[PDB]
Amino acid sequence: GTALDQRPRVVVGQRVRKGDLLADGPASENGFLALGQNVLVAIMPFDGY
Amino acid sequence: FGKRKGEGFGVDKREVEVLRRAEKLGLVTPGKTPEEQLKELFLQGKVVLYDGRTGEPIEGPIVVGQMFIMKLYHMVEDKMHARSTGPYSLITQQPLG
Amino acid sequence: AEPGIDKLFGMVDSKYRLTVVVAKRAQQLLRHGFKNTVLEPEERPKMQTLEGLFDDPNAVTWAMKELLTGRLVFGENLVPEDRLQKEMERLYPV
Amino acid sequence: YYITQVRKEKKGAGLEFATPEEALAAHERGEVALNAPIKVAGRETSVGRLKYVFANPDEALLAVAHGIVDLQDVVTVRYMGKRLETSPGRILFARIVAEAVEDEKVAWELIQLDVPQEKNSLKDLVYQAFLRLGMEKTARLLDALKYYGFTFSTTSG
Amino acid sequence: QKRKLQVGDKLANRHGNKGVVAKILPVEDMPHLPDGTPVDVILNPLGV
Amino acid sequence: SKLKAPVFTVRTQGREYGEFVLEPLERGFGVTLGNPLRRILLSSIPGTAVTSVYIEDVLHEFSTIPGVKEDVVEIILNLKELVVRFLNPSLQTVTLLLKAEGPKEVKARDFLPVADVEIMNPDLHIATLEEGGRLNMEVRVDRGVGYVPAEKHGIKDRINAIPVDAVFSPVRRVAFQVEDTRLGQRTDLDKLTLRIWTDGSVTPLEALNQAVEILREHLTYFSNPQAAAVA
Amino acid sequence: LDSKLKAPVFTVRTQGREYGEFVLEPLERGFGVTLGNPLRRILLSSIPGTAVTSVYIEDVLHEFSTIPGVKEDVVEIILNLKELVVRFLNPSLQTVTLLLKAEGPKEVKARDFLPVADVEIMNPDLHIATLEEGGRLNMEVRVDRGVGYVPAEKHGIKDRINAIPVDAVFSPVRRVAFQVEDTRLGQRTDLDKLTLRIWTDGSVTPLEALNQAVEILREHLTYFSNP
DNA sequence: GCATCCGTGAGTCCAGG
Ligand SMILES: [Mg+2]
Ligand SMILES: [Mg+2]
Ligand SMILES: [Mg+2]
């Protein structure tokens, strides 16, 4: 039930060499394995939450 | 921090309080300037933080960084369940699971 | 914890006896519409509605309250069962 | 544990003094640390206990409120007719217990003051509170210790 | 359905750290940096 | 020994950024003032946001328009970031139209302009259109407070209209500095600086004033006490 | 989207000149601490009060000296002095010296202080010292008007050469503690209910103390007004 | 007196598929 779609990553007329990225699939950021987010994190207790 | 010194801002008072704290924590070398000491802390991956509710700094320096966090498939939207009465079994006439 | 639960355990000789006392009393009050309460108007448990305060409907709340007031006699073989049932139906109709 | 710990510093390191005013002056010179152990006369006390004396716990906390000292600083306080040497942190702990169970006397009797509050001591506190005041009050004390423990962990840093 | 992140959803990192979202504080309650930047998630050191 | 009113410096850099210095204030009070102002400035500061989108030949959010590189989901992600300034205070709601086509990277300038309405980031990319690719939007942009998710405000100007998440607050950052200062023989006085950043919909100074006003109005509430009927 | 809030209700619960509870519900999300922390700061730092700033006692050299004829030491009398609640009745007044001479077997109270014009001792059954046969106590205590808390070694004020400086407990407030709870208004789920708690000494009351606090802030809001 | 062969048992709840 996860959504599996692909998105175009190049624009009209772009000269692309062999193996260049034409579309990003699910959980893919410009060809890298995008299994989540990079968030800004603080490691400290917090009121019990 | 050189961004800050150029923008025209001195070492905030709360950074002082936390710096004295972290000094009693053997985290900075005593006597160095606030910039020297904040750089010392930062290099340990710690920074000053201000409790958003109060304005006051955390009694001490706190590790802060960029992290890879993922959403796992197990979402609560899919698991919250509750029945008053429902369907029963054929032989046992107990509820289905 | 329940309001005044250490005294309540002090009242009975076995915690489960208090439990049975409370459940029986609360059913007695559910049956007669609380017209048999030993509580005074000022001691009624209240529930804060959106409109205003009203009587608490939870008859077990009422039961444990009445139990702390001392105005109830609990024990074994106090009276014949249908005699109690009909005397309560006589005093407080349904 | 963080609030009811006390600081142990290295600058003073057991110097000898004749009058307390000599010790306060020495700490003024940056020669001795506030909570470092020294020996004024034949007595082995610390600069913080002399420099800082509080008539009642409210005052101690009003000072910690104004930056004067910190909860882990060893200081002198007058609490229940007693002139105690202890931190304001341990004074706060005892106030939390005492307001939690609504009996200052029993409360004082229950705590161990001159120790950091850990798993074992907090445990014995709950056993003892149970036995002495009952489960309703021990539940109120538990919500209490819960509240502050979380609050003081957060900012503890 | 476009699923936003809610209280009870499970987050994790690549090092074993996993846990459920328990609280979503508004931006004015978050620990923030001297320059005003609020942090995104507050993990508890007690795991490590 | 009682202090007196301080001097109020104001350094604005366009509609975006502003520093607001106050000195001198009594010890501690740098925070006693600077933090509640922060909190009221990150939330409760009114602003605007896109609340609805209707596109032609789009039935729902998970579509793709032929001739367009972006999926509708992405287009609403772009359109969220649109900053739309209302020059008139009576104005509540605006329906911006956009008709575009051909080989062209539609930006936020391409909106048919309205009076009492100004797009504060016209260079904002929206779509990448291809030969023959068209686009006909009607976006609805409202005033409001704070963060109102799509799943709540449910705004649809018509049947195929998509409700959109609205981040109304126009304050993009609030930091405040407490520096050391003296006046005469007084030491440890506080010098309060408030750095404020917005989007241009409202400027840092207007923001700070409405936050002041909110806090003062809020102090108004304590003025009429009431007895406690617990007894 | 469209919001229709209502202005909250302010609720008061005072037990004498000493204690007050204050519940202000409902408040939009986050405003409980937005109001709580300031008023707390203000209520512990800037409520005008009176404090025993200095003390001279006859033939008493320093603070950690003994007093022959009295059982308390000097530190102890200085503490008992920290607990004196004196209230200036004339807004002009700024400072007083208070003198107290007693001797022989007796337990000095705050009553024994010699009355002054526009000076009310709120806690006259307060204990200072018990003297014995031959115990002589001549002392002068300096009492000023300020705000907050000043350690004895931060003002250092001396009338004379043997006056002891005393940590100055200006604040008529002994503690502020506020606690916000989530509360609901029909469909509104995340609203705030502000409970404030204020212990004073009796010179000012809790309600008076809080009203003074809200005033200072309201006035500080006006400092964002003319560059 | 010993091996020897037999049968019988081997944690809870939850999701899917
Ligand atoms: Mg002292
Ligand atoms: Mg004890
Ligand atoms: Mg809330």
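Residues numbered from 1 in each chain as written, not as in the entry; some residues may be left out. Chains lettered and ligands numbered in written order. Part of a larger assembly, values for the part shown. Heavy atoms only, no water. Residues with missing side-chain atoms left out of burial classes, pairs and counts.

Taking the PDB entry as the reference, chain F is identified by name as DNA-directed RNA polymerase subunit alpha belonging to Thermus thermophilus HB8. Per its UniProt entry, chain F bears the Function comment "DNA-dependent RNA polymerase catalyzes the transcription of DNA into RNA using the four ribonucleoside triphosphates as substrates." Under the Subunit heading, UniProt states for chain F: "Homodimer. The RNAP catalytic core consists of 2 alpha, 1 beta, 1 beta' and 1 omega subunit. When a sigma factor is associated with the core the holoenzyme is formed, which can initiate transcription (By similarity)." (UniProt positions renumbered as here; feature names shortened; annotations may be inferred.)

The name that the PDB entry assigns to chain A is DNA-directed RNA polymerase subunit beta, with the source organism given as Thermus thermophilus HB8.

Draft legend 1. Broad picture of the environment of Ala211 of chain F. Residue and element names in this part refer to chain F. Residue position: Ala211 is located in helix α4 (residues 204–219). A relative accessible area of 0% places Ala211 in the buried class. Taking the C-alpha atoms as reference points, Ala211 and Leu37, 174 residues apart in sequence, are found 6.3 Å from one another. With residues up to four places along the chain from it excluded, the contact list for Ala211 reads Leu37, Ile40, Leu41 and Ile45. (Helix = DSSP H or I, 4+ residues; strand = E, 2+ residues; numbered from the N terminus. Buried < 20%, exposed > 50% of the residue type's maximum accessible area, 1.4 Å probe, protein only. Contact = heavy atoms within 4.5 Å.)

Draft legend 2. Structural detail: the interface of chain G and chain F. Each partner contributes residues to the interface: chain G has 35 residues there, and chain F has 39 residues. Buried area between chain G and chain F, both sides added, is near 3400 Å², and the carbon and sulfur share of it is 76%. At the boundary of chain G and chain F, one finds zero salt bridges. Residue assignment for the side of chain G that touches chain F shows that the elements contributing at least two residues are β1 (9–15), β2 (19–27), α1 (31–45) and α4 (206–221) of chain G. If one sorts the elements of the side of chain G that touches chain F by residue count, α1 of chain G sits on top with nine residues. Classifying every residue of the side of chain G that touches chain F gives 22 nonpolar, ten polar and three charged. (Buried area = accessible area lost by both parts, 1.4 Å probe. Salt bridge = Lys/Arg side-chain N within 4 Å of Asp/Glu carboxyl O. Nonpolar A, V, L, I, M, F, W, Y, C, P; charged D, E, K, R; others polar.)

Draft legend 3. Local environment of the arrangement of the chains. Contacts are most numerous between chains F and G, considering all 14 pairs of chains that are in contact. Spatially, chain A is disjoint from chain C: no contact exists, and the shortest C-alpha separation is 21 Å. For the non-touching pair chain A and chain G, the nearest C-alpha separation works out to 13 Å.

Draft legend 4. Structural view of the packing of α4 of chain F against α1 of chain G. The interhelical angle for the contact between α4 of chain F and α1 of chain G, taken along N-to-C directions, is 75 degrees, at an axis separation of 12 Å. Classified by the angle between their axes, α4 of chain F and α1 of chain G sit roughly perpendicular to one another. Mapping the contact onto sequence places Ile214, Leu215, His218 and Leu219 of chain F in α4 of chain F and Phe31, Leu35 and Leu39 of chain G in α1 of chain G. Split into classes, the residues belonging to the contact of α4 of chain F with α1 of chain G amount to six nonpolar, one polar and no charged. (Axes fitted to C-alpha atoms, helices over the stretch in contact; angles between N-to-C directions. Parallel < 35°, antiparallel > 145°, perpendicular 65-115°, else oblique.)

Draft legend 5. The arrangement of the packing of aromatic side chains in detail. Evaluation of the coordinates by the stated rule reveals nine aromatic pairs over all chains. Judged by centre distance (4.5 Å) and plane angle (50 degrees), the ring pair of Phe34 of chain C and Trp62 of chain C falls under tilted. With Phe34 of chain C in the loop between α2 (15–32) and β1 (46–48) and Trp62 of chain C in helix α3 (residues 59–68), this pair connects stretches of sequence that are 28 residues apart. For the pair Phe222 of chain F and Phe10 of chain G, a centre-to-centre distance of 5.1 Å together with 70 degrees between the ring planes defines the contact as edge-to-face. Note that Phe222 of chain F is positioned in the segment after α4 and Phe10 of chain G in strand β1, a pairing that runs across two chains. The exposure class of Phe222 of chain F is buried, given its relative accessible area of 4%. Taken together, the ring pairs connect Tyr147, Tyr148 and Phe152 of chain D into an aromatic cluster. (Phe/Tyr/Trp six-rings, centres within 6.5 Å; stacked < 30°, edge-to-face > 60°.)

Draft legend 6. Structural detail: the domain arrangement of chain F. All names here are of chain F. The domains assigned to chain F are domain 1 (3–46 + 169–222) and domain 2 (47–168). A C-alpha centroid distance of 34 Å is found between domain 1 and domain 2. Taken together, the contact pairs ten residues of domain 1 with twelve residues of domain 2. Surface buried jointly by domain 1 and domain 2 totals about 780 Å² across both partners, of which 52% is contributed by carbon and sulfur atoms. At the junction of domain 1 and domain 2, the tally comes to zero salt bridges. Scanning the region where domain 1 abuts domain 2 turns up zero residue pairs in polar contact. (Domains from an automatic or database assignment. Polar contact = N/O pair within 3.5 Å; in protein donor to acceptor, adjacent residues only side chain to side chain.)

Draft legend 7. Representation of helix α6 (residues 119–133) of chain D. Residue and element names in this part refer to chain D. Over its 15 residues, α6 runs 21 Å from end to end, which matches the ideal 21 Å to within 8%, given 1.5 Å per residue. Within the sequence span of α6, burial applies to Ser121, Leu125, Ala129 and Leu133. Here the buried residues of α6 occupy an arc of 75 degrees about the axis, which is enough to place them on one side. Opposite the packed face of α6, turned more than 90 degrees from it, sit the exposed residues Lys119, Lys123 and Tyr127. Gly134, located one to two residues past α6, shows a positive phi value of around 110 degrees. (Expected span 1.5 Å × (residues − 1). Arc of directions from axis to C-beta.)

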